[PDB]
Structures are given as C-alpha cells and as structure tokens.
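Notes for the structure review
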Amino acid sequence: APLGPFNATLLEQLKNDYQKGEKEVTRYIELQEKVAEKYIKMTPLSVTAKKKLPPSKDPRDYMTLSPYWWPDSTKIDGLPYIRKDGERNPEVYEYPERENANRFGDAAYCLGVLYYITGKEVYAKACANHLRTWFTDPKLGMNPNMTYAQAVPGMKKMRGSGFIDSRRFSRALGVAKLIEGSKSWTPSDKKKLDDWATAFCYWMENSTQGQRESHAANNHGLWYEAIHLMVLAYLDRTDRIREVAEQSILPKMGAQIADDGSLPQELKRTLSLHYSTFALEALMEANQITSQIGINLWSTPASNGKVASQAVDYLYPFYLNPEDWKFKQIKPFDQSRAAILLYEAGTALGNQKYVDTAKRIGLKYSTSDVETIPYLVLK
Amino acid sequence: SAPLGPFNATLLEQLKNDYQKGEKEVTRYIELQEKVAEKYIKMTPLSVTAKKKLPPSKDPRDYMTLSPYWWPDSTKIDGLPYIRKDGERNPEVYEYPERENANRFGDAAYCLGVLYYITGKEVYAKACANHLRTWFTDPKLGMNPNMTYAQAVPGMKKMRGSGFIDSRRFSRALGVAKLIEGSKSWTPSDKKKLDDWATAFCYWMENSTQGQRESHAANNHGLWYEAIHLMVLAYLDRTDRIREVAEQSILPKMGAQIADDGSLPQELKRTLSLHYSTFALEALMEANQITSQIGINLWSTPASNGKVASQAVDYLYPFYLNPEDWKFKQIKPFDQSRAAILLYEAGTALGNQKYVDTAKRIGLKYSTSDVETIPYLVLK
Ligand SMILES: O=C(O)[C@@H]1O[C@@H](O[C@H]2[C@H](O)[C@H](O)[C@H](O[C@H]3[C@H](O)[C@H](O)[C@H](O[C@H]4[C@H](O)[C@H](O)[C@H](O)O[C@H]4C(=O)O)O[C@H]3C(=O)O)O[C@H]2C(=O)O)[C@@H](O)[C@@H](O)[C@@H]1O
Ligand SMILES: O=C(O)[C@@H]1O[C@@H](O[C@H]2[C@H](O)[C@H](O)[C@H](O[C@H]3[C@H](O)[C@H](O)[C@H](O[C@H]4[C@H](O)[C@H](O)[C@H](O)O[C@H]4C(=O)O)O[C@H]3C(=O)O)O[C@H]2C(=O)O)[C@@H](O)[C@@H](O)[C@@H]1O
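Residues numbered from 1 in each chain as written, not as in the entry; some residues may be left out. Chains lettered and ligands numbered in written order. Heavy atoms only, no water.

Going by the PDB entry, chain B carries the name Alginate lyase family protein and comes from Bacteroides ovatus. Anyone opening this PDB entry will find it titled "Bacteroides ovatus polysaccharide lyase family 38 (BoPL38) wild type in complex hexaguluronic acid at pH 3.5".

The PDB entry annotates chain A as Alginate lyase family protein originating from Bacteroides ovatus.

So, in structure tokens, the structure goes:
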C-alpha cells in the first residue's frame, strides 16, 4: 500500500482477498460499500461554515473551544473561563468545525480506503470532493494553521494544546495518497494539497504554538508527533519520519513511561485510564507509519532502555477488568478501544495473549465506525 | 404576600421587605443581582421557532428535542432505530436549539421577574415581559401549547410522554409572570393571552395521551409532571386543583416511590442514581414551594400508606455529606451544591436544624449568577 495512516498489512490483505474473490472478504467489503454510500451523497463540509468568527476575522481559520473550560459563575461576564478536567463543556458544540472535522475525516477516510481496496472510481471521486472542499478550495478550504484551535475565553497567553484537534483531519490528509492515480484526482489537485500540506507542516514545526506542542510532556507531545508523521508520510519525507521517531517519539516514550510501565502524566488526570489509553493510541497511529519503513515503535527502546510494550503490559489487566483501575476515572472507560490497540501492539510484539484478547473483546461485524474498516480480523 | 408562584415565597417576601427598608446586606445583594441581570435586559428574546430541522407537524412553533440518552446504532446502515444508553447524553441533543434556548429563556424571565418583584423597577418588568411574549404568546414566535415532540427518538414507533419533563425549564418562567402583573409593561391583553396559553397547555398536559401517560409515571417523571402541573395551576389561580393534585396525586405518588429505608428504588436502578434520587426530591421541593403557600407541607405530610418525604431526605442526607460514600451506580460525578437548596427547603419545612445547618455549611457562592439561587441569600 502507499505510505499512510492505517495498518498497511491488513489493508493489503483485504485488497488481495477481495481481488482474489475470497468470499468472506468480498462479503465484508460489500457491507462496507453499503455503509459508505452515505458518504458518496454527503455534501462536503467546510470550516468556513460558522457564524462566530475567529479573532483573525477569517472564516477559514479553524477554531474550537478547549473542552474542559467553563464560564465562571462567580464573574459577571463568566470570564476568565476555569478548568474542570474531564468535564466537557457543551459549549464546544457551538463551534461547528469540532464535529464537522470528524465528519469530514470519517467520510474521506472511508472513501479513500474503499477506493484502494476496490478500485472503483466512484470512491475516489467522492473522496476527492471532500478533500478539495476541506483543504485546498480557495474559498472553503481551511487555512493551514491551528492558531485558534481550543481557544479559551479570557485566557491571556496562547497555547498549542488545541493542535491535538488536527488528528481528526490529518488522517484524511494521509488517505489522499490512496486516490492518487485515480481519474478524479488530477495532477493539479495533488499539487494544491501537497502545497497545503507543506504549509501546514511548516506551521506545525515553526510556529511557537507548534514548537510548544512538539515539546509537551504528556499525550499531547505523542499526538503531535503522530500528526507530524501523517503529514510527513503524505509528503513522502521518509528521512524526516526516521528522525522524528529517533529524536522526538522515542525520547518522549522514555520520559513518559515510568519504571513500572505506568504513564504518570496520565495518571494525574480525572480520566486517567482513558488518557493512558489515548497516549498509547498516539503511539499506535505513529507506529502504523514508522512500521511501514521498518521502525517498530512498540519494541524499539528509548536511550534509557524503556519500550512502549511496558506501557501496554501495565494497562493490560485493566483492559481485562476496568473495575480494577485504582486511579481517578470520573466517567466509565470504553473497553472496546482496547481491541484495536491490543491487536496493533500484540502483532507488533508477537504477544498472542494480546491478540487473543483483542479478538475476544472484538469489534461488531456491521459497525459503521470508519476506523474499524481494516479490522475484519477482529470482526 | 408574594403572588402565588414557583419560588420560596418566604424568602422572596423577606428580600422585598428588607430591600425596601434599606437594610444594607440585602440592598448590596440586590445590587449584585441587578448587575448579573443586566445581560438579560439586553438579551434578544428567544423563540422555539429558531430551528432549521422541522418537527413532523412541519410547524416551527412545536417544541422538539431529542431524548438525551438515545444514540445512533452503528450496526445499522442508517443508525436506526436509536438505542438507549442510560446516563450518556448524546451530543446530538444540542442540534435542537430549544433544548438550551428554553433554559436561557427560563433563566432570563425568572431573574427579571423576581428582580421586578423585589425592586419595583419597571425596567425589569418590561424586559421580563418581552421574553414572555416572544416565547409564549406571540402569534408567530410563541410556542404551541403542547409537548408532542419533546424528547422524540429517531426510529421509535411508539409515542411517549417522557419528554414532558422538559417543560420545567419554561414552566417556572410562566409562574413568575404573575410577579409582573400590575406593572405598566404587562398589559391586560398580555395577561389574557398568557392565561389563554396556560389554559391550553393545562388542557394538553391533562387530556393528551402523552400527558396522561406522564401523569402516571412511577418514578421522578411523575413527580416532575405534578410539579409542572402545579406551576401551571398556580399561574391560573386554581387553588382548589392544587389541593386536589397535592392530596390525590403527588402525595400518593411520592408515597409509592419511597421504600422502607427511605431509598427511592426507581432511581437506584439508574446509572446516575444519586443524581436521580436528588432529582426526584427536587420535583417534590418545587411542588412544595407551591403547596406550602396554601398550607400543604409535602415534606412532612404522610401519604396514606404511611410513607413521608422526610424519610427520603433522611436516607440521602449522609451521602450529601459524603457523596463518595454512595454505593449505587453513578457514572458521572455528583454535584454536592445541589444538596444546599434541597436541604434548606426540606430542613426549614421539617424544623430540622441539622438539615438547615448542613445546607448553610455546603452553601452557595455569594456572587453566583445561577438564577435559581437568587432567593437564597440565606445560603450565601
Ligand atoms: O477534544 C476533545 O473533546 C477530547 O480531546 C482529548 O483530550 C484533550 C483535550 O482536548 C484537551 O486538550 C485537554 O488538555 C488538557 C491537558 O491537561 C493539557 O496537557 C493541558 O494541561 C494544562 C492545564 O492547564 C493544567 O491545569 C496544567 O497546568 O497543565 C497544563 C499543561 O500544560 O500540561 O491543557 C489541558 C486543558 O486545557 O484541559 O486534554 C487533552 C489530552 O490530554 O489529550 C481526548 O480526550 C479526546 O478523546 C476528546 O476528543
Ligand atoms: O434533559 C436532560 O438532558 C436531562 O433530563 C433529566 O433526565 C430525564 C431525561 O431527560 C430522560 O427523559 C430520561 O428518561 C428515562 C427514564 O428512565 C424514563 O423513566 C423512561 O424510561 C423508559 C425506558 O424505555 C427504559 O428503557 C425502561 O423501559 O423504562 C422506561 C420507563 O418508562 O420506565 O425513559 C428513559 C429514557 O428515555 O432514557 O430520564 C429523565 C428522568 O429520569 O427525569 C435530568 O437528568 C436533567 O438533569 C437533565 O436536564
């Protein structure tokens, strides 16, 4: 498969078996084609579809509210907002791109993967429509920055913590490599998206917000580099991917994993089991890319000898029994998120206990959740 | 006497008295509240018709919301029919603007009407009136007097009345409209239109199939149904019906829901059992605010089966002290601050100084903008 943000091994196996006419896969792909129809008809979304504008006055600037910040009832204007870790302020849904970036990302991802497997031009054409409108359109496309992502009313300093929102559209950016060579994705479309991705990569690496997020001591730094790798892989910068793995990702794992394999930065969160898992999901998506060029982030040690497999080891019994978790978790943990994580970690590590547990937890055969498309093996 | 309505009339009268006498503590408190209220004077009045997606009637004046715990079924091609996940609010609810707009309207009308009652300044009646007219009686912007499409569920075949509980967000504003009667801005015509609207809503809640079913609910929905019923009846000055509902429906319903140890078994089975135990009692609390103004104390009056609502407070009191001690399912954190007004209301109605003391110890923030706390200087 082309370099991108997916399990390349599972995708190739699906395309092989679908082209071979294998019955199990052909039936699974035909279900996925029924799921995917809503995306062929779906009107492409745009970040410009908001009423309340950013401080730049530019509807093309992405802006969201940082989810745990709330009006202060003891202030006349509610300002400045105050933090309630783990309590999502429903005001976030007043920023349309919060859910629209997810909807776009789901649509482009599903369509791009279904085009790669089946070769049907109708999937590239619709995938292309979503990509053009979201990224490159001179009126509807988003500016390549995350300046106003997770803004906070009344906050005086700028932060880069909102960059983590980018994972919702950076996976779709990656899957665009899958429609290159279709009739619908012209050389001109590719150049524009290449140029947008080049400007976004530049902003990520050189803006102050980008630099600060690249140095975050918790799961934000890990997601920053996972996003970084999707952009770099889209741009075919294989040397930079190696450099990011060795100079940023591995040192981060070495610092954030304690000797017992816990992630202390996530243990202090009110949703500590969710955020431990979310840290590892960043590594999981990062590894999907690094493992396509021979770097296994699950088993490759940092300079201090720590390996991401130690973090999985620490959490595994709590994926078996979340009720055993001893740290603060003020909402129930969704065990299903462990399925893909334990499958990904298990195959990379040769740990059949992890792979077995992934299949016992399982994914629903008929689920329309787009990230589960490659994982027939769990269905 | 304050007009009959959905508030602690004793505290409101105390506030108006002291404010008019010029007592310093109250005058300063009311001047804070006037600063808080300023946003409501400037606020553009909201309307249920400010939606894009219409209800099956095709009428924008029909209130419509999504039942909050119903989610798309990802294993279905269309996500239909939705499935229930108790206690997990589907953010799709925020796609129905009247869900939050009913709250915002309710807050503004409540705050402004109470501030007019306390202070006598016409500017509060005038703004309160603007919000009431637009929400209720306006021939284009006012809501139709029904809750047919409240908490609808995609793909569900049966009609339900469970969405009626949404009405509490605007039924308190309806009640407070009595406080601006006699202002210059609230004309005789305004009163008649709202009287007529309230009559039609009372007819709908009592005679529609959805209203009848909700009136028979065996959990907190039945309690809130009667609390809402009382707000409407008190607005309409139907004191004989208030007595009848208190004696023939609320007290038997309340007695039926209290187990021998004072627990509320219907609420213990919920994923948010401490929230819904508290929510059941808040219904009784607001109902008692109306019944006690005509001599019926719902906290201390036993039902005919011998249960009394004070038993339910007794069961929950130690867990209001220490919410972490709660042993039943509570998949989100419980807000202890909700115990403050509840224990003060029950504590005063019962002469229980331990409840009142704890209420003041938990307390409310002196400067909070939460409009339901306006009468509770005593806790601030
Ligand atoms: O978008 C979502 O709704 C949600 O996103 C994922 O969780 C994210 C949040 O979006 C958000 O960015 C949050 O950031 C936290 C975090 O703790 C962050 O490191 C930083 O912490 C600050 C904070 O001010 C503290 O008080 C302390 O001083 O440390 C600071 C620091 O610099 O470390 O900011 C806060 C915050 O603003 O709340 O957590 C994110 C995360 O940790 O990834 C995720 O839950 C996802 O499922 C969901 O989609
Ligand atoms: O509006 C909110 O977001 C929220 O409202 C308050 O909680 C309300 C909910 O809005 C909702 O109506 C919910 O109804 C429950 C309840 O359990 C009810 O009895 C009924 O239950 C049905 C259901 O079919 C079950 O599957 C079972 O068969 O029992 C049935 C029964 O009739 O007993 O409907 C469900 C449901 O639709 O989810 O709970 C309400 C309540 O208990 O008052 C409240 O949380 C408030 O703070 C908040 O504003």
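There's more to say after this.
1. Quick look at the side chain of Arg99 of chain B
Residues and elements named next belong to chain B. Inspection of the secondary structure puts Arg99 in helix α3 (residues 98–119). By relative accessible area, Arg99 is classed as buried at 10%. For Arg99, the residues in contact, after removing those within four places along its chain, are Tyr63, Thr65, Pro68, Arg89, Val93, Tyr94 and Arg169. (Helix = DSSP H or I, 4+ residues; strand = E, 2+ residues; numbered from the N terminus. Buried < 20%, exposed > 50% of the residue type's maximum accessible area, 1.4 Å probe, protein only. Contact = heavy atoms within 4.5 Å.)

2. Considering the site of ligand 1
Residue and element names in this part refer to chain A. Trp69, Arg88, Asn219, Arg269 and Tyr275 are the nearest of the 19 residues found near ligand 1. One of the side-chain N or O atoms of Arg83 is found 2.9 Å from an oxygen atom in ligand 1. Here ligand 1 has 840 Å² of accessible area as a free molecule, and 73% of this is covered by the chains. Top element by residues in the shell around ligand 1 is helix α11 (residues 272–290). It accounts for 3 residues. When its residues are assigned to classes, the shell around ligand 1 shows 6 nonpolar, 6 polar and 7 charged. (Near = heavy atom within 4 Å. Polar contact = N/O pair within 3.5 Å; in protein donor to acceptor, adjacent residues only side chain to side chain. Areas by Shrake-Rupley, 256 points an atom, 1.4 Å probe, with all protein chains shown as cover. Nonpolar A, V, L, I, M, F, W, Y, C, P; charged D, E, K, R; others polar.)

3. Points about helix α6 (residues 187–206) of chain A
Residues and elements named next belong to chain A. Helix length check: α6, at 20 residues, gives a terminal C-alpha distance of 28 Å against a target of 28 Å (1.5 Å per residue), a fit within 8%. Within α6, the full set of buried residues consists of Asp189, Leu193, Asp194, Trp196, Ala197, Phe200, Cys201, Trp203 and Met204. Looking at the buried side of α6, the elements it contacts are α4 (121–136), α5 (167–175), α7 (208–214) and α8 (219–234). (Expected span 1.5 Å × (residues − 1).)

4. Considerations on the packing of aromatic side chains
Residues and elements named next belong to chain B. Enumeration according to the criterion identifies 44 aromatic pairs over all chains in this entry. On the basis of an interplanar angle of 85° and a centroid distance of 5.5 Å, the ring pair of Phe105 and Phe136 is categorised as edge-to-face. Here the residue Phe105 occupies a position in helix α3, and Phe136 occupies one in helix α4 (residues 122–137), the gap between them amounting to 31 residues. We classify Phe136 as buried; its relative accessible area is 1%. Look at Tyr315 and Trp326: their rings are 6.3 Å apart centre to centre, the planes differ by 80°, and that puts the pair in the edge-to-face class. Placement of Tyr315 in helix α12 (residues 309–321) and of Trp326 in the loop between α12 and α13 (338–350) is noted, with a sequence separation of 11 residues between them. (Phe/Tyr/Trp six-rings, centres within 6.5 Å; stacked < 30°, edge-to-face > 60°.)

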